[PDB]
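Single chain ahead, by itself, as structure tokens, in the form deposited in one PDB entry.
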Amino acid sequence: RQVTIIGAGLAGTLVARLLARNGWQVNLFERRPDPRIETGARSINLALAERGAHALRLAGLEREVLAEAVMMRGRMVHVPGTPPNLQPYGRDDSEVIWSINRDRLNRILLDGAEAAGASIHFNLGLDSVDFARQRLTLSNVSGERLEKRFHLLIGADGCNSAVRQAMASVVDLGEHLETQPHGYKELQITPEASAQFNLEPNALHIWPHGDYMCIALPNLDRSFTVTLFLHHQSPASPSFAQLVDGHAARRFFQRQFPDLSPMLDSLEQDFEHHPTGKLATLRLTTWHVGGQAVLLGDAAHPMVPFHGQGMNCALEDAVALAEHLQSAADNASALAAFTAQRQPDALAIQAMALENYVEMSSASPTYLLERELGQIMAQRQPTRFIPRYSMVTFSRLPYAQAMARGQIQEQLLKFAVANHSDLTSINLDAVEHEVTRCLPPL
């Protein structure tokens, strides 16, 4: 059985390995050059959690990826003047996540696909698809075009997928775009600076500031990659529109992030040389065209990054697609069932990612008592009352079920605290009863 995959990023390389391993004839096309060919040219990080780690585990690559990953035990919150505060992510060191360099991951996955027998072809970008004739057109940076025949086409070509554009002209995909008002910019902290300011290596760092914020993830050599999230446009308010050059960015950091600015030795140059990125949420009602083509990963469901689950979801998609294709009656059956299974879960993580943004800078007295009570209920009923962050991050429960269980827990906590000043007035034994009455064990 034959397949053509567009995009050798994270989902495309993983599905290529899983199908080649099963004896499929796989051809993978990528517009960038091969990153494994060392050049004289001169650092993006991601958070790997259980969903992505489990996908790599099935592919037999987890140990190689984790050997180059830095453990993050929790969230380190910075407010000027005050000492940083560590919020642990899990119950113990079994529940942690991992900072992995994006380029390192992609190189490991590329080697793994070739080892399984897939053929990879770089410097070729997909331009268009002719579905009636089963041919597609690719081009190099020098504009020269060539044509190829295909039997099955997998769009793994990212948030700006050309496969999706071609599909949307022969079927109605129910596309809807929800634009995000924030852009982002990447900046660097050196190993020297991070040591000098005693920045904890085994944590994710965040500088909240309401409508804008900064995060930082660690690297193996003790450097950190910093990401600024800030509105493109002002309604007045700060925004990328007012930051005309690196010197303006420096003044903004010294005023709004005064304890982070001294760590950013190359702020001015990074700001002017790295491009400002865009964010969005894009939802589709269907991900396939008959038995001829299918989408996965960011090509199917771009999401805002505030839960750190886009790569984790894409790798989970790749496992599912390979399973459906291996055992279905025919490609058309496989693609319809893949869409039916994954699209409701992709929709749910898209919604939870947006909610995490508000959840994190955007403080309440009710919220405090609710969280005090939820910890008690998780200690008394560890099998039933499980924080939604844990369900999303450390389990493989379908996203839609994680969201539903999270909703029941929030309603129980709301009614339990309503019109109570503090825990002294609440009948904990009675709350525990409702927990058992409404939440089945897992």
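Residue positions are given as counts along the sequence shown, with the first one as 1. For the two forms, the rigid core is made up of the largest set of C-alpha atoms that agree within 1.5 Å on superposition.
The next section is about a form of this same protein that is not shown, the form deposited in another entry.
Chemist: Overlay on the rigid core first, then point out the one of 59, 373, 49, 386 whose CA is displaced 2 Å or more between the shown form and the other one.
Modeler: Of all the options, the C-alpha that shifts by at least 2 Å belongs to 373.
Chemist: Using the rigid core as the reference frame, would you say residue 208 shifts its C-alpha by 2 Å or more between the shown form and the other one?
Modeler: Comparing forms between the shown form and the other one, the residue 208 CA shifts below 2 Å.
Chemist: Can we say the CA of residue 191 moves by at least 2 Å between the shown form and the other one when the core is superposed?
Modeler: Indeed, residue 191 is displaced by 2 Å or more.
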